[PDB]
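This report refers to the structure that appears directly beneath it.
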Amino acid sequence: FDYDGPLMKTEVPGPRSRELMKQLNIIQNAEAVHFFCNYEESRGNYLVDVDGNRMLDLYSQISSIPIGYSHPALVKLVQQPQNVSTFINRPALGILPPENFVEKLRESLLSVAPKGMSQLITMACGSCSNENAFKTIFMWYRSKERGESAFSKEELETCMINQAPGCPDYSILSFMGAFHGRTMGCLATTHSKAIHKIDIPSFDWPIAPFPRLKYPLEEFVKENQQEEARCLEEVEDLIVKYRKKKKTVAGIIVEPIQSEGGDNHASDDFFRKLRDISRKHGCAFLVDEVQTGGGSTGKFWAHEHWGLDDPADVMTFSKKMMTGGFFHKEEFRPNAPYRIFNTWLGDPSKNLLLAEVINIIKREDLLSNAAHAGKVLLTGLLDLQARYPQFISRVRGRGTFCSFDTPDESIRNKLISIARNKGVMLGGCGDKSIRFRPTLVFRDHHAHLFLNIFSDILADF
Amino acid sequence: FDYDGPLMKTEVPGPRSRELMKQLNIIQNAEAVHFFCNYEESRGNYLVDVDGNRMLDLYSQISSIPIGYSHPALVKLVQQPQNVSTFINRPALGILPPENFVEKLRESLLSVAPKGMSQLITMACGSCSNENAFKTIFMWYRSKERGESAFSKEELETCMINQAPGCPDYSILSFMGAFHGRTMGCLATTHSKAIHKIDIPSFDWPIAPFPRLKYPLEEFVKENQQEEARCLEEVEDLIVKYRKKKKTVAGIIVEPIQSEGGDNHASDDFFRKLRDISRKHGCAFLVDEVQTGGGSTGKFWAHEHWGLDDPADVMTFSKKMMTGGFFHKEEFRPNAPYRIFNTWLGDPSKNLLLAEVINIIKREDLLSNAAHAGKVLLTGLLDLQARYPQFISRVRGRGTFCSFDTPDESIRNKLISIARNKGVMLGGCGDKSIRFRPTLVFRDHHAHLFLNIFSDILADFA
Ligand SMILES: Cc1ncc(COP(=O)(O)O)c(C/N=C2\CC(C(=O)O)=C[C@H]2C(=O)O)c1O
Ligand code: FES
């Protein structure tokens with residue numbers, strides 16, 4: 001189930017990784033590779049590289065490994081002769097689903113449906129989840145504006161040549177700092193880093209400011225309240241402005257916590273008010289839980305913290321859920337087939353794994369565990385913040401979804417590199433932030449393992 | 001390895017499928033579902049449904065199953081205890097690849113690299129393959145324009161808010177009848193059916209006509225070279241037209257054989273001439289082999305029939321290749337990391353399957369078989385086109401990648417329902433066409449078996 005603690009043999013990346021990285025660099029730009037891994041020996045919270053180093057993984061493959069490496073319940077799943085077909089016979093799910101398709105969804109995604117969302121469509125990643133959510137919303141908004149009336153074949157002629165009115169000028173509203181994926185629709189709503197965006201054609205869609213909170217939160221209540229109201233007002237202005245530009249906002253997309261943009265949090269009150277604005281202006285409210293979903297904030301979906309019976313119209317997911325997809329309200333159900341469609345629509349082998357994952361999360365009480373291990377981790381980070389204010393500021397988090405800021409990008413990268421050499425895998429976000437994305441089997445004792453290591457690092461820094 | 005004939009028991013969809021379909025229709029529009037399947041009992045070319053029916057599968061999951069259902073070598077893979085980790089520990093490939101990642105690529109995709117393309121990036125589907133091919137092309141074009149100089153301050157600031165100059169107004173040129181995927185970039189180059197495009201915002205990019213060939217090819221040689229020539233002229237006119245409208249064509253995307261648009265073919269000469277038009281105007285030439293790739297035309301990539309040493313700059317693939325991705329020339333390699341990137345970049349579990357799949361295609365010479373069994377197929381249809389000219393016209397194909405047209409939509413659908421009830425599954429492209437997408441273990445006698453069944457269907461048709 002897990003190892004005792006990290007065990008380091010070489011610097012990271014070590015010689016075998018550098019050689020493998022050299023080989024990979026022949027066929028593609030491999031500059032992003034951190035090191036090469038031995039997934040066969042990785043277990044629980046621990047990632048093992050090809051040089052025999054064993055690191056406590058607080059990054060979890062960009063927050064996509066739900067219950068650790070080589071989990072024995074998932075090993076057993078694959079060993080079962082009845083499951084071999086799921087792995088070698090991949091169906092075109094939208095036309096030829098396998099027999100157990102509904103029953104496996106009942107054991108997995110449907111058992112954690114968000115409140116008010118009866119509909120579910122599966123997708124293979126977070127980008128095509130969000131893209132097909134955009135299209136679902138565009139179709140819903142046009143269906144609002146046309147009744148009753150069928151497809152005018154002026155629309156049917158124009159749409160084949162990328163022309164109005166068949167191809168409308170609707171917009172999706174998004175937030176500075178957002179990250180929603182990399183295909184060209186998602187990218188327009190992404191506003192994280194210049195390197196993600198530069199040289200790519202885009203859409204003229206409204207971009208709103210995301211609240212920047214001041215820490216400690218308990219000393220800045222009035223100012224954080226004012227900041228959020230400012231952002232809410234600008235959101236509303238943009239909807240009216242782009243309505244007058246004939247670029248009508250059909251939906252609003254937001255992350256419950258902005259990840260790649262620098263772990264930007266906002267109050268539950270902000271999101272409830274934003275959901276209200278979306279309803280008021282007839283915009284679909286699209287909540288992207290690709291990164292916050294799967295339980296690390298202490299609830300299965302992070303938007304559950306908002307306390308709403310009607311939290312959103314559409315909610316997209318991926319990563320920890322193994323498969324992508326989106327839940328939505330019944331009124332967004334497409335009237336006709338083949339409008340939301342592609343070859344694979346996910347992968348039933350991922351659903352097979354996800355049903356066992358969800359069963360482990362529920363039986364091992366891992367939502368409550370994440371709330372607890374996260375409080376322990378955050379308490380420790382606040383302690384380190386008080387002891388090393390020249391290095392650590394803006395400690396923040398919900399559940400294990402935690403982060404802090406360092407002085408600059410150069411310092412962030414040195415600390416990550418040292419921590420890796422001391423047996424801890426960390427990830428970055430934003431300009432200068434260090435983020436924590438532990439798997440759901442991260443325990444309070446793993447928090448202490450990290451904090452002790454980081455204490456000695458900051459002492460010697 | 002295979003059954004030796006269809007085995008029917010009910011109409012299709014049978015009772016259990018209709019029940020499963022009603023259940024599924026509760027949580028999503030299920031109007032597209034044909035029937036539910038028992039893949040555990042499916043074998044080779046035969047798809048078994050939940051009502052016990054066994055049909056000859058000439059659609060192969062929209063042309064995505066490479067070597068038939070439940071192949072014993074793929075079965076033998078999943079049962080190796082060394083491979084368990086591969087299925088349950090999915091990495092973020094761009095940052096933390098597994099130890100065997102490069103070698104498994106050598107065993108698989110790299111051993112079928114097209115001519116002139118040393119670079120490879122993997123992706124999970126055909127849509128993000130083409131999307132990232134587009135972005136690779138846009139980055140390369142801007143790199144030409146800016147030379148070896150850094151991003152400007154104004155570019156870095158305006159790209160964050162969707163504005164020029166950071167976000168250029170480049171275009172990708174595509175063809176009518178093209179299908180390149182459903183995400184919003186892909187969709188703007190797709191021109192297949194109106195039901196794919198309506199109510200979705202798009203890009204003002206150039207759309208060129210694809211040549212509509214008259215058949216028999218024997219009889220219309222000069223009409224067809226004239227048709228192909230004027231299409232080539234409109235392509236060139238659009239590039240010139242969009243450069244002045246400050247929407248410079250950075251690349252051209254085309255399928256070697258259009259699929260979803262109605263199985264539109266064109267001569268090898270046409271693609272060679274289009275290849276040179278692209279180069280001549282400094283456009284990247286992007287060849288979409290998502291559907292044609294994998295060997296069904298008798299060569300692993302369809303474009304291999306063109307006989308070029310420089311067939312393309314970028315080539316995307318998916319479906320039969322299990323994983324997606326794209327090959328490209330070295331000069332298209334991104335200068336900096338994190339520009340072409342996402343969490344998974346495919347899936348090592350698919351690479352593990354593809355390596356065994358590619359070994360079997362070579363060891364058992366399935367490319368020859370596809371050219372051969374495709375000939376028997378196409379020969380048979382031509383005979384049935386002669387004996388029934390009121391139903392079947394324009395019998396075309398390359399390898400097993402064949403199609404034909406019917407008078408109208410209703411006869412198309414009726415023939416498919418009849419044929420499926422008689423034990424053979426066919427797909428349909430366009431408004432009134434019937435296509436053949438057999439797996440690569442489809443053989444001589446599977447041709448004949450379909451031919452004999454469709455024969456009797458033909459003799460009893462109203
Ligand atoms: C809220 C959210 N929405 C959509 C997506 C898109 O999913 P896919 O990656 O499956 O297409 C993601 C994925 N997250 C990252 C991808 C990435 C990169 O540089 O591409 C850096 C990661 C990061 O979180 O910083 C995401 O977190
Ligand atoms: S776009 Fe989601 S897997 Fe290709």
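Lettering and numbering for the structure tokens are positional, with chains as A, B, ... in the shown order, residues counted from 1 in each chain, and ligands counted from 1 in the shown order.
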Under the rule of at most 9 Å, produce a per-residue listing of chain A near ligand 1: chain, number, name, the closest pair of atoms, and the distance in Å, as a Markdown table, using only C-alpha atoms and all ligand atoms.
| residue | atom | partner | partner_atom_place_in_ligand_line | distance |
| --- | --- | --- | --- | --- |
| A:62 | CA | ligand 1 | 22 (C) | 5.9 |
| A:63 | CA | ligand 1 | 24 (O) | 7.4 |
| A:64 | CA | ligand 1 | 14 (N) | 8.9 |
| A:124 | CA | ligand 1 | 10 (O) | 7.9 |
| A:125 | CA | ligand 1 | 10 (O) | 4.2 |
| A:126 | CA | ligand 1 | 7 (O) | 3.5 |
| A:127 | CA | ligand 1 | 11 (O) | 3.9 |
| A:128 | CA | ligand 1 | 11 (O) | 7.0 |
| A:129 | CA | ligand 1 | 7 (O) | 8.1 |
| A:130 | CA | ligand 1 | 4 (C) | 7.1 |
| A:178 | CA | ligand 1 | 1 (C) | 7.6 |
| A:179 | CA | ligand 1 | 2 (C) | 5.4 |
| A:180 | CA | ligand 1 | 3 (N) | 3.6 |
| A:181 | CA | ligand 1 | 6 (C) | 3.6 |
| A:182 | CA | ligand 1 | 20 (O) | 6.1 |
| A:183 | CA | ligand 1 | 11 (O) | 7.7 |
| A:186 | CA | ligand 1 | 4 (C) | 7.8 |
| A:190 | CA | ligand 1 | 3 (N) | 8.8 |
| A:192 | CA | ligand 1 | 25 (O) | 8.7 |
| A:196 | CA | ligand 1 | 19 (O) | 7.2 |
| A:254 | CA | ligand 1 | 1 (C) | 8.5 |
| A:255 | CA | ligand 1 | 1 (C) | 6.0 |
| A:256 | CA | ligand 1 | 1 (C) | 8.7 |
| A:257 | CA | ligand 1 | 1 (C) | 8.2 |
| A:258 | CA | ligand 1 | 1 (C) | 7.0 |
| A:259 | CA | ligand 1 | 24 (O) | 5.5 |
| A:260 | CA | ligand 1 | 25 (O) | 3.8 |
| A:261 | CA | ligand 1 | 25 (O) | 7.5 |
| A:262 | CA | ligand 1 | 25 (O) | 8.8 |
| A:288 | CA | ligand 1 | 1 (C) | 5.7 |
| A:289 | CA | ligand 1 | 1 (C) | 6.0 |
| A:290 | CA | ligand 1 | 2 (C) | 4.7 |
| A:291 | CA | ligand 1 | 27 (O) | 4.4 |
| A:292 | CA | ligand 1 | 1 (C) | 7.1 |
| A:316 | CA | ligand 1 | 3 (N) | 8.2 |
| A:317 | CA | ligand 1 | 3 (N) | 7.8 |
| A:318 | CA | ligand 1 | 10 (O) | 6.5 |
| A:319 | CA | ligand 1 | 10 (O) | 6.5 |
| A:324 | CA | ligand 1 | 10 (O) | 7.8 |
| A:427 | CA | ligand 1 | 25 (O) | 9.0 |
| A:428 | CA | ligand 1 | 25 (O) | 8.2 |
| A:429 | CA | ligand 1 | 25 (O) | 6.5 |
| A:430 | CA | ligand 1 | 25 (O) | 8.7 |
Query raised in the report: Once you count only C-alpha atoms and all ligand atoms, which residues end up within 10 Å of ligand 2, and could you hand them over as a PyMOL selection string?
Result: (chain A and resi 123-132+181-183+318+323-325+342+344-346) or (chain B and resi 123-132+181-183+318+323-325+342+344-346)
Query - Spatial neighbours of residue 203 in chain A, 10 Å, only C-alpha atoms, chain gap at least 4 places, as an MDAnalysis selection string - result: (chainID A and resid 169 171:172 184:185 187:189) or (chainID B and resid 161:163 167 201:203)
Query - Residues within 8 Å of range 374-381 of chain A, only C-alpha atoms, excluding chain neighbours under 6 positions, as a list in words - result: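 So the residues in contact are residues 395, 396, 397, 398, 399, 400, 401, 402, 444, 447, 448 and 451 of chain A.
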Can I get the selection written as a short mmCIF file (atom, residue, chain, number, x, y, z; two decimals), in the first residue's frame, with N, CA and C atoms?
data_model
loop_
_atom_site.label_atom_id
_atom_site.label_comp_id
_atom_site.auth_asym_id
_atom_site.auth_seq_id
_atom_site.Cartn_x
_atom_site.Cartn_y
_atom_site.Cartn_z
N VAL A 395 0.57 31.86 2.32
CA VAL A 395 0.14 30.50 2.61
C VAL A 395 -1.37 30.41 2.55
N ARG A 396 -1.88 29.43 1.80
CA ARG A 396 -3.31 29.35 1.52
C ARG A 396 -3.65 27.93 1.07
N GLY A 397 -4.92 27.60 1.16
CA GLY A 397 -5.32 26.23 0.87
C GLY A 397 -6.73 25.88 1.28
N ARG A 398 -7.27 24.83 0.66
CA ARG A 398 -8.49 24.22 1.13
C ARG A 398 -8.30 22.73 1.00
N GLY A 399 -8.53 21.99 2.08
CA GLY A 399 -8.07 20.61 2.08
C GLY A 399 -6.58 20.52 1.77
N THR A 400 -6.20 19.55 0.95
CA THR A 400 -4.79 19.44 0.62
C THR A 400 -4.40 20.30 -0.58
N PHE A 401 -5.34 21.08 -1.10
CA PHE A 401 -5.12 21.92 -2.29
C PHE A 401 -4.49 23.21 -1.77
N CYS A 402 -3.17 23.16 -1.50
CA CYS A 402 -2.46 24.22 -0.78
C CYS A 402 -1.35 24.83 -1.62
N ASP A 444 -1.84 12.64 7.36
CA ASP A 444 -1.19 13.65 8.20
C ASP A 444 0.29 13.32 8.44
N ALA A 447 2.25 14.73 5.58
CA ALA A 447 2.40 16.16 5.79
C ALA A 447 3.59 16.45 6.70
N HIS A 448 3.74 15.69 7.79
CA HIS A 448 4.85 15.94 8.71
C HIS A 448 6.19 15.55 8.09
N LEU A 451 7.01 18.51 5.93
CA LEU A 451 7.32 19.72 6.68
C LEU A 451 8.67 19.63 7.37
#
Requested in this report: Using DSSP on the backbone coordinates, identify all residues within range 193-381 of chain A classified as helix (DSSP H, G or I); present the result as a ChimeraX atom specification.
Outcome: /A:194-197,217-219,221-244,268-280,302-306,319-321,330-332,348-363,366-381
Requested in this report: Have a look at CA of residue 73 in chain A and CA of residue 27 in chain B and let me know their distance in Å, one decimal.
Outcome: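 Separating CA of residue 73 in chain A from CA of residue 27 in chain B is a distance of 28.4 Å.
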Requested in this report: Counting only C-alpha atoms, figure out which residue out of B:214, B:388, B:332, B:436 gets nearest to residue 416 in chain B.
Outcome: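 Between B:214, B:388, B:332, B:436, the residue approaching residue 416 in chain B most closely is B:436.
Restricting the calculation to only C-alpha atoms, the smallest distance between residue 243 in chain B and any of B:336, B:195, B:92, B:283 is found for B:283.
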Query raised in the report: Which residues in range 2-237 of chain A does DSSP call strand (DSSP E)? List them as a ChimeraX atom specification.
Result: /A:46-48,54-57,119-123,171-175,207-208
Query raised in the report: Which residues come within 12 Å of residue 305 in chain B, counting only C-alpha atoms, excluding same-chain residues fewer than 6 positions away, as a list in words?
Result: residues 114, 256, 257, 266, 267, 268, 269, 270, 271, 272, 292, 295, 297, 298, 299, 311, 371, 398 and 399 of chain B
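Distances here use only C-alpha atoms; by that measure, the residue among A:312, A:240, A:283, A:352 closest to chain B is A:352.
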If we count only C-alpha atoms and set the cut-off at 6 Å, which residues sit around residue 177 in chain B, ignoring sequence neighbours fewer than 5 positions away in its own chain? Please answer as a compact mmCIF listing (two decimals) with N, CA and C atoms, in the first residue's frame.
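As written to disk, result_29.txt reads:
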# COMPACT_ATOMS: atom_id res chain seq x y z
N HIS B 191 -16.14 20.49 -42.78
CA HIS B 191 -17.23 20.92 -43.66
C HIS B 191 -17.97 19.69 -44.18
N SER B 192 -18.44 18.85 -43.26
CA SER B 192 -19.01 17.56 -43.62
C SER B 192 -20.53 17.63 -43.70
N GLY B 261 -17.32 13.30 -45.39
CA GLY B 261 -17.90 14.14 -46.41
C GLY B 261 -18.45 13.42 -47.62
